[PDB]
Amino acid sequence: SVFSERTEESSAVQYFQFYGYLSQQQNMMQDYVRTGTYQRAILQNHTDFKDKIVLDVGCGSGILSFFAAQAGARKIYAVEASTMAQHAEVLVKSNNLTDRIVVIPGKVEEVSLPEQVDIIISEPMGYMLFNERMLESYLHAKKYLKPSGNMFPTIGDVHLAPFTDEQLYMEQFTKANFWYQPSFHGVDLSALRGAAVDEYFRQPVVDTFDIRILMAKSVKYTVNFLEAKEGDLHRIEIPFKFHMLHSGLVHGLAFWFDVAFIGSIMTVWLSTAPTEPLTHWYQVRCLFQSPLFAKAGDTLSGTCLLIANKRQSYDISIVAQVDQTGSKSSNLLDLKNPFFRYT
C-alpha cells in the first residue's frame, strides 16, 4: 500500500503502539485550544455537516466523529489504525450512536469505504505541521471525497521567522563540551566533541519563547488541502527573504503553523503562534551552526527544504545568507528526534 511503501515497518509499529495508549489520547483531548477550536469550527458551520456524509481520518478515540454527530451528520466513517479503534467502538456504543458512526479499524490507505463522502475531517498536524507525515494520509483520503467535498481543516500555513537567542545557542556547546576533557577517569574524550556538537545542532528544539526574540515579520508557506496531492509533501521547498526589523545575531529560524476551517457560515482559525495561548505543539526552533550578523534594513535570504523520510518525518535543510555581506550559514536537522526543552 501507499503507507507501507513510504514507511519503515519498524517506525510504524512504534508509531501506532504509541497512539494506542489512552494517556496519549487524554493528552491531546485535554489541549483545550485543540479540542475547543475543532468543536467550534464544526458546530458553527453546522450547514457543512447537517445530514452529510463525513470521513474522520485518524479518529483516535473518535472525539471528532462525535462533534460531527452533534452537528447533525447522517453518516460518519471513523478510520483509525491503532488499537485505540477498539475503544472508539466502545464509546460509539455507549453514546447510542452505532447508527450514525461506523468505526473502521485500519490504515486509511488500506481500508475500504462503502461510499463517497461529502467532507473529510481530521487532526493530522504534528510538530512543525509536517512531522509524522500524517498530512499525506489526510490528502490520500481525498480518493473518497466527492467533487463537492470540503476539507476540515481546509488550509495550513507554516510560519518561519529569524530569531536571536544567545543562551539557547550557547547551551549547545555547554552540553557538548562534556567530551572536551583529556582525562575523564583517565580517558581523553576530546576526539568526539565535534560529533557531539553536530548531534545537538541536528535536533529541532521544541518549546516556547518570548515574541521579542523575533527579528523580522514571518514568511508564510501555505498548503491548500483541497488542491494538494500527497506527492507535493515529499519535497517542501520554502524560500524566504526576511527584511530585518532589529539588528543583532540570528541564531536560527523559529517555526509555527496555523490551520483554517473554511466553512459555509464562517472560517475558524487554529493558531500555534507564539502570540497565542500555548498548545501541545509549542513552537519549533532550528539553530544555525554559526550565527549571522544582520542589521535593521538588511535582508536575510535563503531556503528551507524539507525532505520526507521513511521514518514518518523529514530531514530539514536550511541555508541562509545576509545579502548585504555574503555571510552564510546552514544546518541539517532530523525532525524525528527533537529536543523537548520546555519546562
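Residue numbers here begin at 1 and follow the sequence given. The term rigid core refers to the most C-alpha atoms you can superpose between the two forms while keeping them within 1.5 Å.
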item	value
In 9 other deposited structures of this protein, rigid core aligned: more displaced of 149-157 and 187-195 by C-alpha RMS	187-195
Greatest C-alpha divergence in 9 other deposited structures of this protein once each structure is fitted on the rigid core, 202-210 or 176-184	176-184
Stretch with the higher entry mean CA B-factor, where the candidates are 282-290 and 42-50	42-50
Given 208-216 and 68-76, the range whose Cα B-factors average higher in the PDB entry	68-76
Which of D258, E171, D188, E237 ranks first by CA B-factor in the deposited coordinates	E171
Candidate set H243, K93, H251, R133 [ranked by C-alpha B-factor, highest]	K93
Modelled-residue ranking by C-alpha temperature factor, third containing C304	highest
Where the record places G194 (Cα B-factor, split into thirds across the chain)	lowest
Cα B factor band for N150 (lowest, middle or highest third within the chain)	middle
CA B-factor placement of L97, once the chain's modelled residues are sorted into thirds	highest
For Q86, the third of its chain into which the C-alpha B factor falls	highest
